[PDB]
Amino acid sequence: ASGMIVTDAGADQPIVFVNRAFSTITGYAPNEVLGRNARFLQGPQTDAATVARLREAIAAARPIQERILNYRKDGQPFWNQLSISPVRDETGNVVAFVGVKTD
């Protein structure tokens, strides 16, 4: 199974759902992450240019894939092959964002 994060569309994209795989991968339980922006997964060695590309894509509701250095709850660095896409209604309104970690 691949990790999955779902966020609200607006106002800095707080997490509303993580799948079981997310907790296996990151060591974080759902209650520890709901209502937070996913940027808490980043750490000292995270590439700022990669973070900026995610920021611009999410702001514009553009799909993006990045290999980004993330950090488990226990602090272990892991490479996150991250893909983010908007969820739209048929009018084109953004309803949510979905992020997947590909192992």
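The first residue of the shown sequence is 1; numbering continues from there.
Which of 70-78 and 52-60 has higher mean CA B factor, as the PDB entry lists it: Comparing 52-60 with 70-78, the higher mean C-alpha B-factor belongs to 70-78.
Of the residues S85, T91, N19, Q13, the one carrying the largest Cα B-factor as recorded: Result of the comparison over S85, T91, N19, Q13: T91.
Record-listed C-alpha B factor of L34: chain third: It belongs to the middle third of the chain when residues are ordered by C-alpha B-factor.
Record-listed C-alpha B factor of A9: chain third: For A9, whose C-alpha B-factor we compare with every modelled residue in the chain, the answer is the middle third.
CA B-factor placement of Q65, once the chain's modelled residues are sorted into thirds: Within its chain, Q65 is a lowest-third residue by C-alpha B-factor, going by the deposited values.
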